[PDB]
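In PDB author numbering, the protein residues as written are 10 to 202, 204 to 207. Ideal placement from N, C-alpha and C gives every residue a C-beta, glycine not left out.
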Amino acid sequence: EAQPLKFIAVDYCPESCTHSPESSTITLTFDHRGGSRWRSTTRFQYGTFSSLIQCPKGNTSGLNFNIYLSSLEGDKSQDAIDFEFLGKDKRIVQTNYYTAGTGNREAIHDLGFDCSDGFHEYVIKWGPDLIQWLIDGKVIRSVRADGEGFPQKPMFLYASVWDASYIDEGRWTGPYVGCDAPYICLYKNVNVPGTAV
Ligand SMILES: OC[C@H]1O[C@H](O)[C@H](O)[C@@H](O)[C@@H]1O[C@@H]1O[C@H](CO[C@H]2OC[C@@H](O)[C@H](O)[C@H]2O)[C@@H](O[C@@H]2O[C@H](CO[C@H]3OC[C@@H](O)[C@H](O)[C@H]3O)[C@@H](O[C@@H]3O[C@H](CO[C@H]4OC[C@@H](O)[C@H](O)[C@H]4O)[C@@H](O[C@@H]4O[C@H](CO)[C@@H](O[C@@H]5O[C@H](CO[C@H]6OC[C@@H](O)[C@H](O)[C@H]6O)[C@@H](O[C@@H]6O[C@H](CO[C@H]7OC[C@@H](O)[C@H](O)[C@H]7O)[C@@H](O[C@@H]7O[C@H](CO[C@H]8OC[C@@H](O)[C@H](O)[C@H]8O)[C@@H](O)[C@H](O)[C@H]7O)[C@H](O)[C@H]6O)[C@H](O)[C@H]5O)[C@H](O)[C@H]4O)[C@H](O)[C@H]3O)[C@H](O)[C@H]2O)[C@H](O)[C@H]1O
């Protein structure tokens with residue numbers, strides 16, 4: 010069971026995030042101001058998380074748009090589970106998860122569409138032994154604890170837009186060209202789990 014996320018917090022640059030109780034839509038803008046990041050106001054202990062997302066039009070090289078769970082953004086030993094769009098290529102999405110700070114579980118999926126063409130539904134189902142990633146109702150990846158480290162700390166829902174062109178000398182998301190700024194990423198109908207802590 011999930012229900013609409015009624016309140017969010019904005020972690021930095023609140024001028025670059027728009028939201029309103031009358032709107033089911035949240036927007037994140039990247040431009041010279043440097044992007045922003047919103048989150049749920051509580052953590053959650055397992056459950057189903059979802060959003061419709063429409064990514065920005067234009068040449069998004071360099072940028073990272075995302076929606077993810079994390080025990081605390083900026084923590085070096087965080088638990089987390091990610092959808093990340095890599096701006097150089099809007100027909101793919103990257104999934105990954107972190108256990109006590111250790112990641113390196115990247116997988117690249119072909120979307121079958123351009124993520125800026127319209128709204129699509131991105132879902133994370135997170136349980137104590139199982140993580141599923143779904144796009145438009147289809148399971149694209151799933152993983153189990155398998156006797157190894159697994160995300161178990163309570164986690165916030167997060168989403169940001171940022172300039173990741175500095176990562177891996179631009180190999181990860183591309184150089185930031187920035188010719189279609191402002192880049193507006195749309196989130197609509199965000200839902201969250204009864205497991206808030
Ligand atoms: O992807 C997804 C996921 O995945 C997975 O899971 C993984 O694992 C994860 O991680 C992920 O996630 C993601 O990630 C990413 C990355 O990251 C990561 O990794 C790495 C690490 O590192 C990290 O941590 C992690 O996280 C991300 O992305 C990112 O993010 C980040 C953030 O984060 C962080 O944070 C948050 C938290 O939570 C934590 O911590 C963490 O996390 C980010 O960062 C950020 O950024 C931003 C932006 O920026 C950028 O962009 C843009 C550009 O520009 C830049 O360069 C860059 O950097 C930032 O922001 C910033 O800040 C600063 C600080 O604060 C600021 O500055 C300031 O300003 C102010 C002003 O302001 C204004 O204007 C403008 C606007 O803006 C604002 O708002 C307004 O308000 C100023 O104030 C002033 O002051 C003055 C004084 O002072 C001066 O003097 C002295 C000296 O010393 C100084 O220096 C100077 O300044 C004053 O003056 C005075 O006055 C008085 C009075 O007067 C008055 O009255 C009267 C009349 O007559 C007059 O005229 C007036 O004036 C007088 O008397 C006297 O004379 C004078 O002097 C004034 O008043 C005032 O006003 C200040 O000062 C300054 O300082 C700025 O502005 C801004 O810009 C921030 O900080 C940062 O942090 C990054 O970037 C990204 O990339 C993501 O998110 C995730 O999700």
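Through-space distance from residue j to residue i, alpha-carbon basis
{"i": "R100", "j": "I176", "result": "20 angstroms"}
{"i": "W47", "j": "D20", "result": "6 angstroms"}
{"i": "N73", "j": "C188", "result": "16 angstroms"}
{"i": "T38", "j": "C194", "result": "6 angstroms"}
{"i": "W135", "j": "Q63", "result": "23 angstroms"}
{"i": "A206", "j": "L120", "result": "31 angstroms"}
{"i": "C26", "j": "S151", "result": "31 angstroms"}
{"i": "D172", "j": "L166", "result": "20 angstroms"}
{"i": "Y196", "j": "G127", "result": "11 angstroms"}
Heavy atom of ligand 1 within 8 angstroms of residue i beta-carbon
{"i": "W181", "result": "no"}
{"i": "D91", "result": "yes"}
{"i": "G56", "result": "no"}
{"i": "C26", "result": "no"}
{"i": "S29", "result": "no"}
{"i": "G96", "result": "no"}
{"i": "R114", "result": "no"}
{"i": "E82", "result": "yes"}
{"i": "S79", "result": "yes"}
{"i": "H41", "result": "yes"}
{"i": "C64", "result": "no"}
{"i": "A173", "result": "yes"}
{"i": "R46", "result": "yes"}
{"i": "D177", "result": "no"}
Please determine if the region 149-157 and the region 181-196 are in contact, where contact requires at least 3 C-beta pairs separated by less than 8 angstroms.
no
Entirely enclosed beta strand (DSSP E) segments - the region 17-49, minimum 3 residues:
17-21, 34-39, 45-49
Mind the definition here: the region 12-26 touches the region 128-141 only if three or more C-beta pairs lie below 8 angstroms; say whether that holds.
no
Kindly provide the ranges of any beta strand (DSSP E) runs that are 3 or more residues long and lie completely inside the region 126-187, ordered along the chain.
129-135, 139-144, 147-153, 165-172
Contact between the region 69-88 and the region 104-112 (3+ Cβ pairs under 8 angstroms):
yes
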